[PDB]
């Protein structure tokens, strides 16, 4: 199973961004592939918060547009929504303990826990994920 971060969804959706052509192709391929594409609820929620956000974009995506994009992706044959498992809280604590996580590292550990609990690859633009030795993390364009 491959799990993806907020950045992968944002690049795939926003045409204005330079990274968009690579991300849109990657997302369509992951969504229609045999391997399940794991989508954490926090990732789906994070993508809506970022695209619709006035601080992030001069012209924010409409919430109605953001929700339709989430709905279409969840519709994809590979897509599986992930809700934190009973294992997610222990996995999050183990990841946080591994790096002595502080500030935003805690947010990363919480996102990372979805991949660790599922033994899934975690795809993120952020290379800070390299910090979690236990985590299986790859650059999305790798």
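Residue numbers count along the first chain shown, from 1.
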Point to revise | Between 39-47 and 57-65 (mean CA B-factor, as deposited), the higher | key: 57-65
Review point. Going by the B-factors listed in the PDB entry, is the mean over the C-alpha atoms higher for 131-139 or for 3-11?
Key: 131-139
Study note, to complete from the structure: Entry record, C-alpha B-factors for 82, 113, 70, 99; the maximum is at 99
Review point. Which third, lowest, middle or highest, does the CA B-factor of residue 86 fall in along this chain?
Key: highest
Exercise for review: Tell me, lowest, middle or highest third: where does the Cα B factor of residue 34 rank within its chain?
Suggested key: highest
Revision key, fill the gap. Tertile call for residue 108 (CA temperature factor, within chain, third-based) is the lowest
